[PDB]
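The sequence shown lines up with residues 1 to 330 when you count with the entry's author numbering.
Every residue gets a Cβ at the ideal spot worked out from N, C-alpha and C, and that includes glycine.
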Amino acid sequence: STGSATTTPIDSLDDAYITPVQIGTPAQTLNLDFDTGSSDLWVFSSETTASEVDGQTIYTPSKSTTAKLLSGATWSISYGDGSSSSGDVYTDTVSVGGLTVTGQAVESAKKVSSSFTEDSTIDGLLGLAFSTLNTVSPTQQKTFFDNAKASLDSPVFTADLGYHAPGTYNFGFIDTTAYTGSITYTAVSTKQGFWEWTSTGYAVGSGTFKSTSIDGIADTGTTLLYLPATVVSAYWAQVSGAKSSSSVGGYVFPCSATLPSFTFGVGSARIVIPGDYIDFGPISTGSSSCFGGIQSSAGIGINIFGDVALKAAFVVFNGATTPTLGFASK
Numbered sequence: 001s002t003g004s005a006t007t008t009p010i011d012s013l014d015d016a017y018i019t020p021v022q023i024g025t026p027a028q029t030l031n032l033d034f035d036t037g038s039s040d041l042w043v044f045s046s047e048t049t050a051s052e053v054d055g056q057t058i059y060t061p062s063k064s065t066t067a068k069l070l071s072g073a074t075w076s077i078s079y080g081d082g083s084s085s086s087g088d089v090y091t092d093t094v095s096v097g098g099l100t101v102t103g104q105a106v107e108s109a110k111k112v113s114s115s116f117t118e119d120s121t122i123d124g125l126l127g128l129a130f131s132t133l134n135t136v137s138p139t140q141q142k143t144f145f146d147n148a149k150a151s152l153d154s155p156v157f158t159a160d161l162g163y164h165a166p167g168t169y170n171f172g173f174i175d176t177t178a179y180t181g182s183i184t185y186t187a188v189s190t191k192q193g194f195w196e197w198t199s200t201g202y203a204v205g206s207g208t209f210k211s212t213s214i215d216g217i218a219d220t221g222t223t224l225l226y227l228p229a230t231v232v233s234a235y236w237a238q239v240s241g242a243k244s245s246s247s248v249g250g251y252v253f254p255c256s257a258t259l260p261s262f263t264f265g266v267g268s269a270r271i272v273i274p275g276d277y278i279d280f281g282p283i284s285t286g287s288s289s290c291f292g293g294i295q296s297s298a299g300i301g302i303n304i305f306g307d308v309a310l311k312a313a314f315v316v317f318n319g320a321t322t323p324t325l326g327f328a329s330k
C-alpha cells in the first residue's frame, strides 16, 4: 500500500504545516502537525478542557463506531519549546492520504498548554519519530508509520515541504518526479529516538564550504533551523544590522535586508536554503525588526534541522531495519 497527502503552511510565514488525517468511522478529518521529532499521535477532542479549545476541530470518539477506549492508558508529553498536552487513549482507524491503519493509538487530549489553545490551525500532532519515544503508559504505543510499515510497498515516508506553498507527505514510495538530481543517503542514529544524522558542513551565501561534522535531527515539527552558535554567528555576520536579542529571544535583522543563502552538507552533496526562507517577518506587527530563521541551538542540547532546512529538500525517512535519511535538491 501507499499514501499521499498534501501538507499546507498554517500561515503566510510557514510557522508550521498541517496535513489532513481521517480518524474514526465515519471519518472525522482533523488537520495535524506531522512531527518527525516526536512519537505521539494526539488530538484535540470532546474530552479537552473546554476553556483550552479555541477554534480547533475536535475528535469525538463516542461518534466513531470503531473507537475503543484503551483501558488504563494515559499519555503526557512535553515538547522542546515548552509546550505540553496530556490525556487518555483510544484505538481507532486512521487514514492519511489513502493509507489506512486499523487499531492506531489516538491519544485524546484532556489538557493542552496555552500555545496549543492559541493556535486554532492545528488540531493535534502526528508523531513520526521512533516509537521508543511514545509517551503512552503503562503500555507504549506505536506510531502511525510503525503500524503501517509492514503493509507499505517500501518501509519509507518522504517529506516535501513547500516554501510559502503546499507540499506533500508520501508513505510507502519515493516519487522520482519530485526532486532533481540524485538522493544522497546518510546514516541515522536512533539512540535518542530521533532521525539523528551528521551533516558534513556548511556555507554562508557564496562563501567557501566549511567541512565540519554537525550532529542534529531531521525534525518536521520544529519550524526553524537550530545550529551551533559558531555557525549561526557566521551566518548573521553577513547581514548588516543583524544581532542576537535576549529580549526578543534570538537573532533579529532589519526587515529591509536581503538575506544570504545557507548551504548544508549531506555527505558530498549540498542543500541550499535560499535567503528568503530564513525570513520570519516582523517581531511584532508593524516592526521593522524581523525574526531570523537560523538560530542558536546553545542550551537546546541538540541541533535541529527544522522546516527551514527541510523545506529546501526532498527528504526520505527510510525506516528499513537499519534506518537512513536521504536528501535531494528540488
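- For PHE145, the secondary structure class from DSSP, reduced to helix, strand or coil, is helix.
- Annotation for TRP236: the continuous alpha helix (DSSP H) segment containing it runs 229–236.
- Nearest Cα to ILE23 within the set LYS68, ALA50, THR6 and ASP14: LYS68.
- Inter-residue distance for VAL101 and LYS149 is about 10 angstroms (C-alpha atoms, whole angstroms).
- Counting every other CB atom within 10 Å of its CB across the protein chains shown gives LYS243 a total below 16, marking it as exposed.
- Taking a cut-off of 8 angstroms for Cβ pairs, the stretch 20–37 and the stretch 277–296 do not touch, as fewer than three such pairs fall below it.
- If the five residues before and after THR132 are omitted, its C-beta is found closer than 7 angstroms to the C-beta atoms of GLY193, all from its own chain and listed in chain order.
- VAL94 has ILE23 and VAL101 as its beta-bridge partners, per DSSP.
- The three-state reading of DSSP puts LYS68 in strand, counting E and B together.
- Counting along the chain, the unbroken alpha helix (DSSP H) around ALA309 starts and ends at 307–310.
- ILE58 is the residue among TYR235, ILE58, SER39 and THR36 whose C-alpha sits nearest the C-alpha of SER46.
- Scanning its chain for C-beta atoms nearer than 7 angstroms, with the 5 sequence neighbours on each side dropped, one finds around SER76 the residues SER86 and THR135, in chain order.
- The DSSP-derived three-state label of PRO254 is strand.
- Scanning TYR277, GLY241, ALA257 and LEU99 for the CA closest to the CA of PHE171 turns up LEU99.
- Remark: C-beta atoms of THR200 and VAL266 approach each other more closely than 8 angstroms.
- By the CB criterion at 8 angstroms, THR158 and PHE327 fall outside the cutoff.
- In this structure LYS191 is exposed. Its beta-carbon is surrounded by fewer than 16 other beta-carbon atoms within 10 angstroms.
- At a Cβ-Cβ threshold of 8 angstroms, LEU224 and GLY293 count as neighbours.
- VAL106 sits close to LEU41, with the two beta carbons spaced by under 8 angstroms.
- Its Cα nearest to that of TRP195, the residue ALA218 stands out among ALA218, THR212 and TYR202.
- In its chain, beyond the 5 residues on either side, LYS110 and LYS111 have a beta carbon closer than 7 angstroms to the beta carbon of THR49.
- Residues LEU259, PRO260 and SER261 of the same chain have their beta carbon placed closer than 6 angstroms to that of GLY275, with the five preceding and five following residues left out of the count.
- In the DSSP assignment, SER4 falls within the beta strand (DSSP E) that extends over 3–9.
- Taken atom to atom, the span from the alpha-carbon of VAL252 to that of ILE300 is near 19 angstroms.
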